[PDB]
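As a convention, Cβ positions derive from the backbone with ideal geometry for all residues, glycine included, and neighbour counts pool all protein chains shown. Taken together, the values in this text are just the output of simple stated rules run on the coordinates, not laboratory data.
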There are 2 protein chains.
Amino acid sequence: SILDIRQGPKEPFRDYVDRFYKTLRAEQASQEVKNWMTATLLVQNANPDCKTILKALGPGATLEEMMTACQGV
Amino acid sequence: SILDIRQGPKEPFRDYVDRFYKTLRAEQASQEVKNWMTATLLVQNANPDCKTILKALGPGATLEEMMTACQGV
């Protein structure tokens, strides 16, 4: 179901992040689960441009870092 | 890093499952984390045939059900 949150081809990364975590909240994801989801699913469910940027940034990036790198495209 | 465990094009689902969980163990994934990982990453990192089958099975399938459906390939 969080598996169904994929980023739109032109959706700003930031709006994709609200839906992702919004969906995680509804399912009462624990804090530990949000941390693992941030580094995995949030990345793989991003659009091809953000996906490439996030993979390039690498594991253990913070959300803020993820967002700075994906402002624009 | 579990992000980089993807299923080989001809690899049997089952062998992909041992690597997935093996990788999860090394990273000391909690039980709650394994359960979420089973339903998300295990599915998205499956090869195109398995991926289709697992999505068709849907959220909340057990691993055993995931495996029975992906026997054959």
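I'd like the Karplus ³J(HN,Hα) series for segment A:56-71: coefficients 6.51, -1.76, 1.60, θ = phi - 60°, whole numbers in Hz, and an x wherever there's a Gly or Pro.
Each residue's phi maps through the Karplus curve to give 4, 4, x, x, x, 6, 7, 4, 5, 5, 3, 5, 4, 5, 10, 5 Hz.
For B:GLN28 and B:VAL73, FRET efficiency with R0 = 30 Å and r from the beta-carbon atoms, rounded to 0.05?
After rounding to 0.05, the efficiency reads 0.45.
Sort out for me the Cα centre separation of segment A:21-73 from segment B:1-57, rounded to whole Å.
Segment A:21-73 and segment B:1-57 have Cα centres separated by 18 Å.
Residue-wise, which Karplus ³J(HN,Hα) couplings in Hz belong to segment B:27-42, taking 6.51 cos²θ - 1.76 cosθ + 1.60, θ = phi - 60°, and x for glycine or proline?
Result, ordered by residue: 8, 6, 4, 5, 5, 5, 4, 4, 5, 5, 5, 3, 8, 10, 4, 3 Hz.
What is the magnitude of the charge dipole of chain A about its Cα centre, with +1 placed on the Cβ of each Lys and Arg, -1 on the Cβ of each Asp and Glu, and no other charges, expressed in debye to the nearest 20?
That gives a dipole near 120 debye.
As a test of the formula, what do you get for chain A when each DSSP H run with n ≥ 4 contributes -39,500 (n - 2.57) and the sum is divided by the residue count, at 222 nm and rounded to the nearest 500 deg cm²/dmol?
-17500 deg cm²/dmol
How high is the relative contact order of chain A, in percent, with contacts defined as C-alpha pairs under 8 Å that are six or more residues apart?
Computed over chain A, the figure is 38 percent.
Name the trypsin sites (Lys or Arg not before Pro) in chain B that are in a loop by DSSP and that have at most 11 other C-beta atoms within 10 Å, would you?
Answer in residue order: B:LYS10.
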